[PDB]
Structure formats: C-alpha cells, structure tokens
file query34.cif (mmCIF, C-alpha atoms; chains and numbers go by the auth columns)
data_target
loop_
_atom_site.group_PDB
_atom_site.id
_atom_site.type_symbol
_atom_site.label_atom_id
_atom_site.label_comp_id
_atom_site.label_asym_id
_atom_site.label_seq_id
_atom_site.Cartn_x
_atom_site.Cartn_y
_atom_site.Cartn_z
_atom_site.B_iso_or_equiv
_atom_site.auth_seq_id
_atom_site.auth_asym_id
ATOM 1 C CA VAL A 1 -59.180 -7.337 83.313 0.00 1 A
ATOM 2 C CA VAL A 2 -59.206 -4.592 80.677 0.00 2 A
ATOM 3 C CA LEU A 3 -60.146 -2.068 83.365 0.00 3 A
ATOM 4 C CA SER A 4 -57.169 -3.101 85.503 0.00 4 A
ATOM 5 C CA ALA A 5 -54.830 -2.988 82.505 0.00 5 A
ATOM 6 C CA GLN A 6 -56.118 0.520 81.749 0.00 6 A
ATOM 7 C CA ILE A 7 -55.899 1.842 85.322 0.00 7 A
ATOM 8 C CA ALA A 8 -52.365 0.529 85.828 0.00 8 A
ATOM 9 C CA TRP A 9 -51.285 2.096 82.529 0.00 9 A
ATOM 10 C CA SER A 10 -52.958 5.398 83.421 0.00 10 A
ATOM 11 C CA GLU A 11 -51.239 5.564 86.814 0.00 11 A
ATOM 12 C CA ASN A 12 -47.827 4.525 85.465 0.00 12 A
ATOM 13 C CA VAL A 13 -47.925 7.019 82.588 0.00 13 A
ATOM 14 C CA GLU A 14 -48.933 9.874 84.894 0.00 14 A
ATOM 15 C CA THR A 15 -46.162 8.961 87.342 0.00 15 A
ATOM 16 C CA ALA A 16 -43.632 8.930 84.497 0.00 16 A
ATOM 17 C CA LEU A 17 -44.958 12.258 83.197 0.00 17 A
ATOM 18 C CA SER A 18 -44.646 13.809 86.657 0.00 18 A
ATOM 19 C CA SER A 19 -41.072 12.504 86.780 0.00 19 A
ATOM 20 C CA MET A 20 -40.397 14.121 83.393 0.00 20 A
ATOM 21 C CA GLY A 21 -41.903 17.404 84.568 0.00 21 A
ATOM 22 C CA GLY A 22 -39.803 17.416 87.722 0.00 22 A
ATOM 23 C CA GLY A 23 -36.416 16.050 86.704 0.00 23 A
ATOM 24 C CA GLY A 24 -36.552 16.837 82.999 0.00 24 A
ATOM 25 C CA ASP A 25 -33.914 14.174 82.294 0.00 25 A
ATOM 26 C CA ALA A 26 -34.095 11.050 80.114 0.00 26 A
ATOM 27 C CA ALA A 27 -37.493 9.386 79.761 0.00 27 A
ATOM 28 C CA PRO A 28 -39.270 6.996 82.149 0.00 28 A
ATOM 29 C CA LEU A 29 -41.894 6.952 79.392 0.00 29 A
ATOM 30 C CA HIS A 30 -39.373 4.767 77.565 0.00 30 A
ATOM 31 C CA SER A 31 -39.542 2.347 80.501 0.00 31 A
ATOM 32 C CA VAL A 32 -43.350 2.420 80.394 0.00 32 A
ATOM 33 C CA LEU A 33 -43.312 1.720 76.650 0.00 33 A
ATOM 34 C CA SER A 34 -40.828 -1.124 77.166 0.00 34 A
ATOM 35 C CA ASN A 35 -43.058 -2.663 79.841 0.00 35 A
ATOM 36 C CA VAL A 36 -46.068 -2.339 77.529 0.00 36 A
ATOM 37 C CA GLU A 37 -44.115 -3.987 74.701 0.00 37 A
ATOM 38 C CA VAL A 38 -43.016 -6.847 76.968 0.00 38 A
ATOM 39 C CA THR A 39 -46.609 -7.412 78.091 0.00 39 A
ATOM 40 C CA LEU A 40 -47.715 -7.281 74.447 0.00 40 A
ATOM 41 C CA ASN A 41 -45.107 -9.892 73.501 0.00 41 A
ATOM 42 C CA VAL A 42 -46.252 -12.155 76.342 0.00 42 A
ATOM 43 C CA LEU A 43 -49.885 -11.744 75.276 0.00 43 A
ATOM 44 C CA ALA A 44 -49.109 -12.432 71.609 0.00 44 A
ATOM 45 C CA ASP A 45 -47.166 -15.558 72.583 0.00 45 A
ATOM 46 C CA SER A 46 -50.150 -16.776 74.647 0.00 46 A
ATOM 47 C CA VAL A 47 -52.678 -16.724 71.783 0.00 47 A
ATOM 48 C CA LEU A 48 -50.873 -19.053 69.349 0.00 48 A
ATOM 49 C CA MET A 49 -51.504 -22.077 71.596 0.00 49 A
ATOM 50 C CA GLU A 50 -54.787 -23.637 72.765 0.00 50 A
#
call {"tool": "encode", "arguments": {"input": "query34.cif", "output": "structure tokens"}}
result
Amino acid sequence: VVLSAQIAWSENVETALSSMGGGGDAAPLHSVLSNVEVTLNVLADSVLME
C-alpha cells in the first residue's frame, strides 16, 4: 500500500514537473498538492473511528 502510494506520487509529480518545464505556466504541482491534501484529510478522518 505504501509502495503504491509512493509510486503514484512519484509519477504524478514528475508529470507535473514535465508540464511545468514545457508550458511554464501556472502550477500543476498545486493540483498534486491539493490531491495529496484531500487524501490526507480522508485518511485522518478514517482513523478517528474503529
């Protein structure tokens, strides 16, 4: 599970960085960070219960 969460993050961040290198506009890294934060919120809401 941790390996999958790491590989997906590594591929997404590299794709966003390639997009930044090419276009040079805005930041898909913001989208990656937002997705990570949403996943973190879901995880943190799933540990308070049994």
call {"tool": "residues_near_point", "arguments": {"input": "query34.cif", "point": "(-43.0, 7.9, 81.6)", "cutoff": "8 Å", "atoms": "all atoms listed in the file", "output": "JSON, numbers by chain"}}
result
{"A": [12, 13, 14, 15, 16, 17, 18, 19, 20, 27, 28, 29, 30, 31, 32, 33]}
call {"tool": "atom_distance", "arguments": {"input": "query34.cif", "atom1": "CA of residue 37 in chain A", "atom2": "CA of residue 4 in chain A"}}
result
17.0 Å
call {"tool": "atom_distance", "arguments": {"input": "query34.cif", "atom1": "CA of residue 40 in chain A", "atom2": "CA of residue 22 in chain A"}}
result
29.1 Å
call {"tool": "atom_distance", "arguments": {"input": "query34.cif", "atom1": "CA of residue 41 in chain A", "atom2": "CA of residue 26 in chain A"}}
result
24.6 Å
